[PDB]
Amino acid sequence: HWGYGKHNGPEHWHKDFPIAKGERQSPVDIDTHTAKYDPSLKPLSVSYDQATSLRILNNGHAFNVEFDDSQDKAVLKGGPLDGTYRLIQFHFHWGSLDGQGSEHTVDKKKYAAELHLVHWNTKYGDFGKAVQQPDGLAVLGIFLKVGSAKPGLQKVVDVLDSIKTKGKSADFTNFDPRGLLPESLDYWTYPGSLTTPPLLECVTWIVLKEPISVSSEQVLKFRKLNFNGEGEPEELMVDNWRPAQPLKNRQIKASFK
Ligand SMILES: [Zn+2]
């Protein structure tokens, strides 16, 4: 029964998921004055030309756009990574107001939203085995600010009405996740965790420096989603973000000078 309410939000998660107070929790604040350039880092390789989206699902905490991860169709390589990581889904976290919504922060700045493209390390065979490994997942995080519309997001926005409430899914084929990327692939990276229960410490985070812009109308449609199921009391799906967690014994590395 975890969520983002008064009685079940992030500050409560540790009771059911004690790793919430662990050594490698996410998100974190990215201090651009202490992150150090690492010349050993490589460019990211984002290979999404063969990506096969299948479906979009309201899971009660966000919505997931799901992909075919049964072949190396949409993969992330390079950067800080060893090996090949397959795209399984993306989702967002967003606010009730444009001044909050992101999970990571940059010099304490909160963005309006944050996109997570979730990938699992093919050496572990399946997502469920991957999340049990410290190097099981690679999550590409991308900040959203409100300004111009993002045309490559509109197909997602337009399906939201069909998945308003928890448990609803809809076919969602032929969606191109390349339309969600900024121009630059400059990034920060550090070791961390899932940002929702079970909060497993299995993620190499790759957070892009450059935000994408979405329009105020686009974000407004996200805020019409519901956390509840159909026929239950309406509770708007907003503020579905975990705040920054202590960095502890970690360093954030930058791909760029
Ligand atoms: Zn996420």
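Residues numbered from 1 in each chain as written, not as in the entry; some residues may be left out. Heavy atoms only, no water.

## Some thoughts on the coordination of the zinc ion
The reference angle at a metal is 109.5 degrees if four donors form a tetrahedron and 90 or 180 degrees if six donors form an octahedron.
Part 1 of the argument: Protein coordination at the zinc ion: the donors are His-91 (NE2), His-93 (NE2) and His-116 (ND1), at 2.0 Å from the metal.
Part 2 of the argument: Each donor residue of the zinc ion lies on one chain, and together they are spaced H-x1-H-x22-H. Taken together, the positions of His-93 in strand β7 (residues 85-94) and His-116 in strand β9 (residues 113-121) put the pair 23 residues apart, joining distant regions of the chain. (Donors = N, O, S within 2.8 Å, 3.2 Å for Na, K, Ca; no water. Helix = DSSP H or I, 4+ residues; strand = E, 2+ residues; numbered from the N terminus.)

## A few points about the pattern of salt bridges
Part 1 of the argument: Tallied over the entire structure, the rule returns eight salt bridges.
Part 2 of the argument: Of the charged contacts in the structure, one is a salt bridge between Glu-66 and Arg-55, with a shortest N-O distance of 2.8 Å. One end of the pair, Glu-66, is in strand β5 (residues 63-67); the other, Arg-55, is in strand β4 (residues 53-58), and eleven residues separate them in sequence.
Part 3 of the argument: In this structure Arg-55 comes out as partly exposed when scored by relative accessible area, which is 30%.
Part 4 of the argument: Put simply, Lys-209 and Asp-186 hold a salt bridge, and the shortest N to O gap is 3.8 Å. Pair noted here: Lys-209 is in the loop between β13 (203-208) and β14 (212-214) and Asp-186 is in the loop between β11 (169-171) and β12 (187-192), with a separation of 23 residues, a long-range link. (Salt bridge = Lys/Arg side-chain N within 4 Å of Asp/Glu carboxyl O. Buried < 20%, exposed > 50% of the residue type's maximum accessible area, 1.4 Å probe, protein only.)

## Here's the deal with the nonpolar core
Part 1 of the argument: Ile-56, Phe-63, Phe-90, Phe-92, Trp-94 and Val-156 are the most contacted members of the largest nonpolar core, which totals 49 residues.
Part 2 of the argument: Those elements that place two or more of their residues in this core are β5, β7, β9, β10 (137-146), α2 (154-159), β13, β14 and α3 (216-222).
Part 3 of the argument: If one sorts the elements of this core by residue count, β7 sits on top with five residues. (Core = buried A, V, L, I, M, F, W, Y, C linked by side-chain atoms within 4.5 Å.)

## Quick notes on the environment of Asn-226
Part 1 of the argument: Along the polypeptide, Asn-226 turns up in the loop between α3 and β15 (253-254).
Part 2 of the argument: Side chain to side chain, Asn-226 and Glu-234 meet in a polar contact 2.9 Å long. (Polar contact = N/O pair within 3.5 Å; in protein donor to acceptor, adjacent residues only side chain to side chain.)

## With respect to the pairing of strand β6 (residues 75-78)
Part 1 of the argument: Summarising the sheet, strand β3 (residues 44-47) and β6 pair through four bridges and their orientation is antiparallel. Across the sheet, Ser-45 pairs through a bridge with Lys-77, a residue of β6.
Part 2 of the argument: Of the strand pairs in this sheet, β6 and β7 are connected by two bridges, and their pairing is antiparallel. Each bridged residue has a counterpart across the sheet, and for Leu-76 the counterpart in β7 is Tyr-85.
Part 3 of the argument: Between β6 and β7, which follow one another and run antiparallel, lie six residues, and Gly-79 among them has a positive phi close to 65°. (Pairing = 2+ DSSP bridges.)

## Quick look at the UniProt feature "binding site: Zn(2+)" in the protein chain
Part 1 of the argument: The feature "binding site: Zn(2+)", as given by UniProt, occupies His-91, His-93 and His-116 in the numbering adopted here. Spanning 26 residues, the annotated positions come together in the fold, the maximum distance between their C-alpha atoms being 8.2 Å.
Part 2 of the argument: Excluding residues within four positions of it along the chain, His-93 makes contact with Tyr-4, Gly-101, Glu-103, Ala-113, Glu-114, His-116, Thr-195, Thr-196, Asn-240 and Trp-241.
Part 3 of the argument: A distance of 3.3 Å separates the side chain of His-93 from the side chain of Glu-103, its partner in a polar contact.
Part 4 of the argument: Among all residues touching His-116, those that are not within four sequence positions of it are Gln-89, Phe-90, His-91, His-93, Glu-103, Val-139, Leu-140, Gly-141, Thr-195 and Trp-205.
Part 5 of the argument: A polar atom in the side chain of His-116 sits 3.1 Å from the side chain of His-93. (UniProt positions renumbered as here; feature names shortened; annotations may be inferred. Contact = heavy atoms within 4.5 Å.)

## Some thoughts on the environment of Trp-2
Part 1 of the argument: Considering the arrangement of structural elements, one finds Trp-2 in the segment before β1 (29-30).
Part 2 of the argument: C-alpha separation for the pair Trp-2 and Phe-17, spaced 15 residues apart in sequence, amounts to 9.9 Å.

## Considerations on the environment of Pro-182
Part 1 of the argument: Among the secondary structure elements, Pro-182 is positioned in the loop between β11 and β12.
Part 2 of the argument: The exposure class of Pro-182 is buried, given its relative accessible area of 10%.
Part 3 of the argument: Distance from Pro-182 to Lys-209, taken between C-alpha atoms, is 9.1 Å for residues 27 residues apart in sequence.
Part 4 of the argument: Excluding its chain neighbours within four sequence positions, the residues that come into contact with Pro-182 are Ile-142, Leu-208, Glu-210, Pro-211 and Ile-212.

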